[PDB]
Every structure is written in C-alpha cells, then in structure tokens.
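Just one chain is shown here, as structure tokens, and it is the form deposited in one PDB entry.
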C-alpha cells in the first residue's frame, strides 16, 4: 500500500515548510482522482490546494530531493530581463524551456514561421511590457506596455498597505501566441509588520517536476523584492488550481515520501542592490543546502 515517512502525519490542509509539500503529494496519491490530460500521460489530480512556506531566516529549497537551484536563479534573472527566447536561457546551461521552444513543438502549435526558441509573449514580456504588441523575441519593447514588476516595487515602497500589488502573466489577448500559457497566472504581494509576503496562483502544478522549482522561484523573487524595498521576507503562499501527479511520477514520489527531510538552507544576498535589473547570479549564495539525491522526474511533453 502507500507507505510514507512518519513525520507527515495528517496530510489534510508557519513551521516545517517541506512537510507542507510532501503532505500535498501524499494527499493527491491517497485522495486524488484519475484525470486525463493534454500530454496524453494521465494524472492523479486534486483541484484547489494551498500551502504556506515561511521565508524567515530560511529558504524553501526542498531537501528530500535536490532541486535545480542554478536553473531557478537563471530562469528568474531571465524573466526579469524581459526575455522570451528560450535559447538565451539554454546558453546558461538551463534547458528547462527548450522543449517548448523547439522547432517541432512550435510547429505542432502552428507556429511555422517564428524562430526556434521564441516562446511568444510569456512571463518576461507580460511582467515588463503588459499590453504591448508582441512581434518576436528579438524586438525592442523599451517603454512599451505596463512594467508590472517595477510598479509592484514602487507600490511596496510608497503604499505598503495597498491590496492591489499584483503581477499578472495571464493575458487573454496574447494567449494564442504563447507556446505554453502561463502556469503561474498571477502573484500578489502584501506587507504587514515590516515583512513582505507573496501569494502565487498556479493554475496547473506538476507536483513532481515543476512545483518544487516553482516554490523556490517565487521564494527567490520575494527575497529579491524584499531586499530592494528594505523589508524582511515573510511567507510564500502557494495556491494551486489543478494539482497533479503524472502517472510516471508515482513511483519516484513514493521514494521521496519515505526520505527524512533536512532543515532548509538559507539564502544570502552578497551586496546591497538598489534596483531589480541590477541583480546578478554572483549576488546570491545558498548556504547549508544538504539534500538527498536527485530523483529523475521526466517532463511530459
């Protein structure tokens, strides 16, 4: 039968961050329903989940399997620069978007004429140029559309009480040009007691592959914005729509659920950075990260 580490206890929906994730996995295995999907693989699925990860002197990079930190960091810097060229990320040894920008994938979507790598008007473009007319991944979009990311930063500084501190990549007008509509549809920031928190609405979560990387990604973004606004990191709240385990991840996750978590690492920012675009890979240091080995989770395409 399904056997799990004794520390999970009740999986039913802060402290002990990693257990929040492992309990969601357990809950989907135990209570999820079979749901067919776009890729033809099949999933077990639950609709509507929420987990809270404290960011207060800890950073939620999972320890029950090693997570691809280099990729998390490169990807987020790539978003920040407004990039939608998967080849530019791949040149940093981070190949996570290559499959979606491939000649054969793009062709399957009917995007014959665009260049390989061109993901269309996805996060980088929507976060920094929302509403601008997308042309291609090489076009200069300087001063075009809404720079949501800077606006969030400016609002946190001037009116931290504001309940409208949102960055949204879901753009119905642009959806048909995207190689993958965004899994992270929107995030909201919140300030109380000198702490910055972030909530992600993730419409679709591949619990074995993307979700651990995604948690680390928004935790990092929150650390970055906290740094620039002179706040301390608070909580990362992870909300999921279709939370799913692909059938070929069931056995790998069952290995993972039996591993003892270790304490989370810390993230250090190594200098005073004044603006979000000035961050560089050399500015960050993960300390004390002691994960169990990688478990291969294949990507369904």
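Numbering follows the first chain given and starts at 1. Shifts are known only where both forms have a C-alpha. Only the largest set of C-alpha atoms that superpose within 1.5 Å between the two forms is called the rigid core.
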### Query
Relative to the deposited sequence, how many residues with no modelled coordinates occur between residue 285 and residue 286 (none, 1 to 3, 4 to 9, 10 or more)?
none
### Task
Look over 39-47 and 258-266 in the entry and identify the one with the greater average Cα temperature factor.
258-266
### Query
Which is higher on average in the deposited entry, the C-alpha temperature factors of 60-68 or of 236-244?
60-68
### Message
Among 222, 142, 199, 214, where is the Cα B factor highest in this entry?
### Response
142
### Task
Just grab whichever of 55, 28, 273, 253 has the top CA B-factor as deposited.
273
### Query
C-alpha B factor of residue 87, ranked within the chain: lowest, middle or highest third?
middle
### Task
Relative to the other modelled residues of the same chain, rank the CA B-factor of residue 106 and answer lowest, middle or highest third.
highest
### Task
Compare the C-alpha B factor of residue 231 with those of the other modelled residues in its chain, then answer lowest, middle or highest third.
highest
### Query
Among the chain's modelled residues, which third holds the C-alpha B-factor of residue 98?
middle
#### Entry: Chain-relative CA temperature factor third for residue 208
lowest
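Below, we turn to the form deposited in another entry, even though it does not appear here.
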### Residue showing a 2 Å-or-more C-alpha displacement between this form and the one not shown once the rigid core is overlaid, selected from 154, 107, 161, 133
107
### Query
After superposition on the rigid core, does the Cα atom of residue 293 shift by at least 2 Å between this form and the one not shown?
yes
## Note on the structure
In sequence order, the rigid core aligned, runs of at least 3 residues with C-alpha shifts of 2 Å or more between this form and the one not shown are 102-113, 293-301
